[PDB]
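A.B. asks:
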Amino acid sequence: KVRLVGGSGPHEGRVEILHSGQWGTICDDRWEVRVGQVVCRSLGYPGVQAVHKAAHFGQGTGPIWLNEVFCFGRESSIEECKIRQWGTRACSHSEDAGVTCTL
Ligand SMILES: [Ca+2]
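Just so you know, we're using the authors' numbering here: the sequence shown kicks off at 2 and counts up by one.
(1) Buried or exposed for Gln23, going by 16 or more other Cβ atoms inside 10 Å?
(2) Answer with buried or exposed for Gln86, where buried requires no fewer than 16 other C-beta atoms within 10 angstroms of its C-beta.
(3) In its own chain, which residues sit with a C-beta less than 6 Å from the C-beta of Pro47, not counting the 5 before and 5 after it?
(4) For my contact list, residue 1 and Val16 are in at a C-beta cut-off of 8 Å; report their separation, rounded to the angstrom.
(5) I'd like the span of the beta strand (DSSP E) that includes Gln38, first residue to last.
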């Protein structure tokens, strides 16, 4: 699953993802509008207004599940994008990625 946390409404926040039985976050190293678009679609929003780096909505906790993700932009969910490994060592939660969706 996917949820947004820390925003002014459910349309934005730190991106969190459920994997290996655990809610985790996304590192901002390769975070950009194409994958923001996919995250926003999978949440039922029609588009992405902005992507935010550097724990813009505050740091998450626990596993950092994704770092090097590639989406074309049209995928239904982030699990459908190109993911070479789940779970990353390269990152701190000060890098947790965030998104602001169109509603
Ligand atoms: Ca970074």
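Every residue gets a Cβ at the ideal spot worked out from N, C-alpha and C, and that includes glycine.
C.D. replies: In short:
(1) Locating residue 23 in the sequence shown gives position 22, where the first residue counts as 1. Answer is exposed; the Cβ neighbour count stays below 16.
(2) Locating residue 86 in the sequence shown gives position 85, where the first residue counts as 1. The residue is exposed, with fewer than 16 neighbouring Cβ atoms inside 10 Å.
(3) The count along the sequence shown starts at 1 and reaches residue 47 at position 46. Only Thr103 meet the Cβ criterion.
(4) Residue 1 lies beyond the range of the chain shown here (2 to 104); nothing can be said about it.
(5) The count along the sequence shown starts at 1 and reaches residue 38 at position 37. For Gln38, there is no enclosing beta strand (DSSP E); the residue is found in the alpha helix (DSSP H) stretching over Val34 to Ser43.
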